[PDB]
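Residue numbers (the entry's author numbering), protein chains in the order written: chain Y, 584 to 635; chain P, 480 to 531; chain Z, 220 to 738; chain C, 428 to 479; chain F, 220 to 738; chain S, 688 to 738. From the three backbone atoms N, C-alpha and C, an ideal C-beta is built for every residue, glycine too.
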Amino acid sequence: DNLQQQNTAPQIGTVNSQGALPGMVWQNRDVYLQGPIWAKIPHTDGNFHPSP
Amino acid sequence: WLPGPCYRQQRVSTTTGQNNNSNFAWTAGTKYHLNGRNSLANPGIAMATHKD
Amino acid sequence: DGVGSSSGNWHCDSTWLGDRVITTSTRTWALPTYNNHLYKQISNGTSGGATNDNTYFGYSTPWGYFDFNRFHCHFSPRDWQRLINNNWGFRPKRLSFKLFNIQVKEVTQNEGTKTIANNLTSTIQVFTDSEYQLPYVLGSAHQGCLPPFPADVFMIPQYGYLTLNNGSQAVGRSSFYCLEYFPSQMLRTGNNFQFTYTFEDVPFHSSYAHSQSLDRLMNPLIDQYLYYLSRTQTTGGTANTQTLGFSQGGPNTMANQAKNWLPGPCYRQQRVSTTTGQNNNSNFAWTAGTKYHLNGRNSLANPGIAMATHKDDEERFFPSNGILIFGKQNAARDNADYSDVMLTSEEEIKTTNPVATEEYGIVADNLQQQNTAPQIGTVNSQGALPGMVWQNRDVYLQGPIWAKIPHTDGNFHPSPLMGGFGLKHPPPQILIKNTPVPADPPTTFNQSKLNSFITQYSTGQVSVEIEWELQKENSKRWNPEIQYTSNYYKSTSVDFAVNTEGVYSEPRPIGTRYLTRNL
Amino acid sequence: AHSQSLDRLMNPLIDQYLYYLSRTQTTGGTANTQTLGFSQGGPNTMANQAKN
Amino acid sequence: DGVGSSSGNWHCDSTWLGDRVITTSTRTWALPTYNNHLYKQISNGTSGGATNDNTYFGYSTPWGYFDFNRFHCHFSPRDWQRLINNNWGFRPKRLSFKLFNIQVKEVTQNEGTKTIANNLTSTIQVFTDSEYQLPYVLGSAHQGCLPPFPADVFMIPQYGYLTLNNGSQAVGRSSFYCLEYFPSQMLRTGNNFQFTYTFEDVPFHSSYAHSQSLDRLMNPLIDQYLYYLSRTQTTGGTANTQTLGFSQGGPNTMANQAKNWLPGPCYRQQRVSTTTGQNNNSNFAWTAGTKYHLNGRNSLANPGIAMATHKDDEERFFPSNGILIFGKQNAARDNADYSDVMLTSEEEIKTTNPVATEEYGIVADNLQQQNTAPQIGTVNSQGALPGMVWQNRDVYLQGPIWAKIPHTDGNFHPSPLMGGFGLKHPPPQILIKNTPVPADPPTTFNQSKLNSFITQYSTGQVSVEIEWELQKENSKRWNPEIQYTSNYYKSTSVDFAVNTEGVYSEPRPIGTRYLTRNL
Amino acid sequence: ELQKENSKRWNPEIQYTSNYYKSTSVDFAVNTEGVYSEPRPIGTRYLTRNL
């Protein structure tokens with residue numbers, strides 16, 4: 584959170600929402616016997632990892 | 480490597496004696512703001528439900 | 220190849236071929252002598268009034284370059300009206316180029332009398348940098364393009380580049396580029412220069428506004444089969460306790476239903492109004508701006524990522540540095556008025572992108588218990604999440620066309636923030652120069668270099684032809700669309716035409732997004 | 428190593444054709460009020476120019 | 220072949236092809252009118268202040284010659300850095316040459332007003348002396364080469380030669396060379412001149428420093444099998460008598476071991492220090508120099524044979540006339556300071572060559588007996604012995620390239636002392652001249668020659684391409700080498716680039732010997 | 688597999704070099720007891736390219 588010195592204690596900050604960083608890995612949500620199957624990707628200019 | 484992305488949400492318990500005594504289903508929800516409307520991020524991105 | 224025979228013809232036309240359009244434009248240029256044929260070092264430091272954010276180090280060359288990286292150099296306003304009304308997309312395919320009718324003239328000033336006469340045996344030097352071994356200046360939105368109106372004569376800019384610095388001082392990784400270390404072609408009057416380029420594959424430009432929003436992609440008549448949490452406290456009276464209650468999403472609770480996608484990324488900016496009575500009474504253009512911090516410098520995020528300008532019924536608000544601003548005819552350079560600029564607006568993308576002056580959402584902050592009230596947190600800047608969709612910034616009749624993607628290890632969605640076509644091998648720079656001609660040397664030998672020259676300049680024509688590829692419109696909408704139209708009532712002078720003194724002027728910015736498509 | 432930086436990819440000699448907001452309050456004296464003023468990016472204000 | 224069509228293009232590039240490198244350079248020249256189209260006799264005698272060592276006799280011609288006998292006319296500093304870091308040798312193979320874009324202009328001065336106009340029907344005369352029938356001026360390290368930086372315009376020198384003399388007077392074996400007794404080609408504007416040359420076979424240039432010395436070519440672990448004389452007098456006490464004692468060379472007596480080779484030749488010079496407080500307080504530049512006596516003249520041995528400059532930990536010493544000294548930018552002609560010159564150093568050859576400021580060795584002087592102590596003698600100058608090895612002087616980025624071996628009956632190791640490639644048929648001289656154009660002759664006849672001319676000058680381009688052959692590096696060294704590097708810290712301006720006023724400057728001399736090879 | 692360098696820079700580059708002055712022992716070589724040692728980390732980025 585800040586720049587520690589001889590007269591300043593170091594402070595921290597908690598991240599609640601974090602976007603994509605280089606080097607991340609993740610898993611998608613599981614499907615179910617009574618869940619949906621497909622969905623239509625909307626025709627736009629860009630998207631990031633188009634899974635429903 | 481890093482873990483996947485995060486978009487934090489509120490914790491609620493199935494045992495009713497451990498929750499707060501207020502109606503927080505809409506006021507404390509996790510939303511996203513589009514065009515001056517507050518829509519509910521449901522079910523949001525794929526994150527694990529509970530730890531051990 | 221003679222003196223008394225021309226070397227080209229005036230081509231300026233546009234043909235429409237169903238799924239192609241081929242546009243040609245020819246202008247007349249003039250090239251002065253820059254820096255008296257010298258390379259010079261230019262720099263600016265923290266001494267004086269300059270600050271740390273505005274220091275530079277670089278060089279200035281005697282060369283001049285052609286720039287046509289702007290949309291109205293190829294399209295008349297009627298051709299732009301034909302383009303944006305009947306198509307859903309367009310991208311370039313190939314281009315051509317031709318210099319011809321070179322004339323080199325020289326000027327002599329004695330006793331305040333100025334005589335200009337032909338010089339039949341002097342040359343110019345033109346070449347293209349095809350192998351991308353130079354700094355790339357185009358795509359930085361500078362002046363000195365071709366004129367909009369074909370009956371104007373323009374002046375060719377100067378080439379100069381920047382390198383690394385530490386204040387007004389160079390470092391060990393600086394570079395010096397001598398442009399006479401490249402092979403170039405020398406042309407007398409009666410020679411011509413031409414080449415051909417082929418664009419790479421690049422996505423279509425979305426020339427449509429969506430007719431549907433992300434939060435309203437469902438059926439208004441059928442409930443869902445998928446529950447949500449709705450009640451946590453009972454409603455009987457004063458003795459309310461905890462409970463759990465669930466409900467289905469339906470037609471009357473459409474903010475609570477389960478959805479598949481997210482809006483695009485957000486990087487929040489400051490709101491300023493055009494009505495001056497509603498702003499704060501302080502100077503907040505630089506102190507309250509939206510910046511990004513690189514190498515201990517604060518640079519201005521301008522115009523930032525593609526976000527919508529204003530929400531509904533709020534046409535008087537705009538982000539402080541989040542739009543492209545175009546100047547009118549005879550607007551001043553510094554401290555122009557509001558009535559001398561043309562503010563664009565990107566309200567067509569508010570169905571998927573967030574508003575640039577509002578937050579992204581609300582996230583949780585703590586872990587609620589029996590003795591702790593739940594708290595919330597507002598997100599101002601949000602990066603990419605899985606499942607986002609967004610739209611790019613629109614292009615304009617007087618906006619840029621392409622930009623060069625920097626050769627790095629990685630990038631994320633390489634589209635230029637000013638709008639256009641992000642190419643990894645852009646059309647090459649074309650550099651031009653008059654060859655030096657010395658005055659009389661001394662009769663006795665002297666080892667120093669010569670610095671007495673004959674003052675010259677040169678002029679001629681130039682020609683550019685670009686072939687575009689279209690994408691037709693295939694909708695089944697019943698009611699009519701929205702089209703770009705001209706004004707119907709009478710006026711003092713015709714828009715998009717000359718004045719009574721002969722000065723051409725453009726009245727308004729013209730977007731592209733008029734037709735509609737579903738999500 | 429790159430021999431050039433992101434914030435310095437422009438021409439040191441030519442102004443831009445693209446304005447930015449520069450002034451919000453007048454500078455006459457004690458009775459300063461609100462206004463709007465715009466300017467062009469140039470060689471001396473290179474932190475304010477429009478970048479890609 | 221017309222007026223309005225150019226006759227060549229600007230070629231300036233360098234290509235690397237594994238074991239070749241082909242370098243091209245193109246400049247722009249200008250040629251005045253010399254001596255008003257007259258041959259003249261020039262001489263200097265012992266009358267006045269001149270002495271016997273500085274007399275000459277010769278002629279001065281109206282012609283001008285092209286000189287490119289210098290290394291930086293072909294190599295950029297980056298190309299020189301690529302050359303000297305990865306190779307063990309290089310030699311030239313062939314060259315090319317091309318004059319084009321001739322422009323002949325004339326100048327008229329009336330009432331202090333100077334007007335310069337084209338002259339379309341005047342010529343120039345260029346030819347090459349391929350059969351070596353002229354005096355050879357190149358390879359004498361004169362000025363007037365091509366510029367280092369390609370964006371400069373230079374001036375062409377004047378041709379003149381020397382013959383035999385006795386004071387300021389000729390003798391019967393003098394020669395007069397009229398250059399219009401050779402066939403030459405006449406070029407108007409719209410003509411071009413070109414030829415091709417092929418170098419002969421010549422050894423590679425040793426671009427390496429040895430990593431081993433002559434006195435240390437043995438095994439540090441094994442004794443020899445070969446004795447030496449070590450003791451002559453006994454060591455018991457006061458009554459010491461004569462004896463003979465012998466020992467073996469080993470690891471601790473390595474100055475006494477038997478060796479196979481000798482160091483190179485020596486011709487001793489005077490030591491002078493750069494710190495002025497350590498020199499003598501007298502003017503000894505000419506009285507204490509190292510000379511050679513020819514025909515009753517004392518000429519200065521400059522820079523003499525290739526010897527090492529200084530031994531270890533003595534970087535402040537240099538021989539008084541044994542090195543090449545280069546001037547900085549804007550250094551004066553006479554009486555420059557120490558901080559306006561660049562002193563080279565040849566310390567890389569101290570593993571085989573002697574130090575230039577120390578003796579060669581110690582030899583005997585008499586025949587010792589029972590009543591005669593043995594004496595020694597110090598050798599200051601030593602010619603060639605059987606079994607010597609040596610190294611040549613290094614070449615530089617701003618040093619010469621070739622020199623012509625004089626056609627004599629014999630020579631010993633014909634390499635030039637200034638460094639480079641000793642060729643017996645060097646690249647030919649290229650002489651150029653403006654043809655005279657008379658003013659109006661009289662109406663009545665007069666037998667005298669004409670001496671009223673129109674004053675002219677001419678200008679154009681020139682192009683040189685030389686193909687070099689390389690020798691790759693094939694060592695098995697484990698630790699890293701020494702490389703030529705640029706400075707890492709910040710500075711006021713970039714080295715090897717232009718100033719803020721447009722003047723190019725070279726900061727330091729750059730050698731060649733950086734990689735290492737064993738003996 | 689390599690990728691060659693194709694720049695048109697005029698002034699010289701920055702190169703990795705060894706030390707010129709004298710020292711107690713040679714870097715990147717053995718000790719007097721036979722133990723090999725590396726003195727410094729060596730990067731890769733020395734040549735320059737434009738953006």
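- Look at residue 632 (chain Z): its C-beta is under 8 Å from a C-beta on chain Y.
- Boundaries of the beta strand (DSSP E) around residue 311 (chain Z): 306 to 329.
- When the beta-carbon positions are compared, residue 701 (chain S) and residue 705 (chain F) come within less than 8 Å of each other.
- Counting only the Cα atoms, residue 352 (chain Z) lies some 7 Å from residue 695 (chain S).
- For residue 551 (chain F), none of the residues of chain Z pass the 8 Å Cβ criterion, the least Cβ distance being about 13 Å.
- A distance of 8 Å or more separates the beta carbons of residue 231 (chain F) and residue 657 (chain Z).
- Residues of the region 707 to 728 of chain Z with a C-beta less than 9 Å from any C-beta of chain C: none at all.
- The beta carbon of residue 616 (chain Y) sits no closer than 8 Å to any beta carbon of chain P.
- Listed along chain S, the residues sitting closer than 7 Å to residue 391 (chain Z) by beta-carbon distance are 701.
- Excluding residues up to 5 positions away in sequence, 485, 486, 487 lie with their Cβ nearer than 7 Å to the Cβ of residue 600 (chain Z) in the same chain.
- Within the same chain, 493 come within 8 Å of residue 557 (chain Z) by CB-CB distance, once the 5 residues on both sides are set aside.
- For residue 292 (chain Z), no chain F residue has a C-beta closer than 7 Å to its own C-beta; the minimum C-beta separation is roughly 29 Å.
- Chain P places a beta carbon closer than 8 Å to that of residue 606 (chain Z), counting this residue as a contact.
- Residues of chain Z whose Cβ lies closer than 8 Å to the Cβ of residue 694 (chain S) are, in chain order, 352.
- In chain order, 701, 702, 704 make up the part of chain F whose C-beta sits under 7 Å from the C-beta of residue 704 (chain S).
- With a contact defined as Cβ atoms closer than 8 Å, residue 376 (chain F) and residue 363 (chain F) qualify at about 4 Å.
- Under the Cβ distance rule, residue 689 (chain S) does not count among the residues neighbouring chain Z, no pair being separated by less than 8 Å.
- Residue 516 (chain Z) is bridged by DSSP to Z:513.
- Using a CB distance cut-off of 8 Å, residue 698 (chain S) does not count as an interface residue toward chain C.
- The Cβ atoms of residue 320 (chain Z) and residue 675 (chain Z) lie no closer than 8 Å to each other.
- As for any beta strand (DSSP E) of minimum length 3 sitting wholly inside the region 231 to 258 of chain F, the runs are 233 to 235, 239 to 250, ordered along the chain.
- Among the residues of chain Z, those whose CB is under 8 Å from the CB of residue 510 (chain P) are 580, 581, following chain order.
- Remark: C-beta atoms of residue 538 (chain Z) and residue 490 (chain Z) approach each other more closely than 8 Å.
- Residue 447 (chain C) is bridged by DSSP to C:466.
- Boundaries cannot be given for residue 598 (chain Y), as no beta strand (DSSP E) includes it and DSSP labels it neither H nor E.
- Restricting attention to F:439, F:453, F:434, the CA atom closest to the CA of residue 481 (chain F) is found in F:434.
- Under the three-pair Cβ rule at 8 Å, the region 365 to 374 of chain Z does not count as touching the region 305 to 320 of chain Z.
- Leaving aside the five residues that flank residue 390 (chain F) on each side, the residues in its chain whose CB is nearer than 8 Å to its CB run, in chain order, 383, 384.
- Across the set Z:410, Z:327, Z:450, Z:346, the C-alpha of Z:450 shows the shortest separation from the C-alpha of residue 495 (chain P).
- Rounded to the nearest angstrom, the gap between the Cα atoms of residue 703 (chain F) and residue 263 (chain Z) is 31 Å.
- Closest in C-alpha terms to residue 291 (chain Z), from the list Z:712, Z:245, Z:452, Z:562, comes Z:245.
- Within a 10 Å sphere around the beta-carbon of residue 725 (chain S) sit fewer than 16 other beta-carbons, which makes this residue exposed.
- Secondary structure of residue 557 (chain F) (DSSP, three-state): helix.
- Residue burial annotation: residue 460 (chain F) is exposed, with fewer than 16 other C-beta atoms found within 10 angstroms of its C-beta.
- Contact between the region 584 to 598 of chain Z and the region 634 to 648 of chain Z is absent: fewer than 3 CB-CB pairs across the two stretches fall below 8 Å.
- Nearest to residue 303 (chain Z) by C-alpha distance, out of Z:409, Z:425, Z:721, is Z:425.
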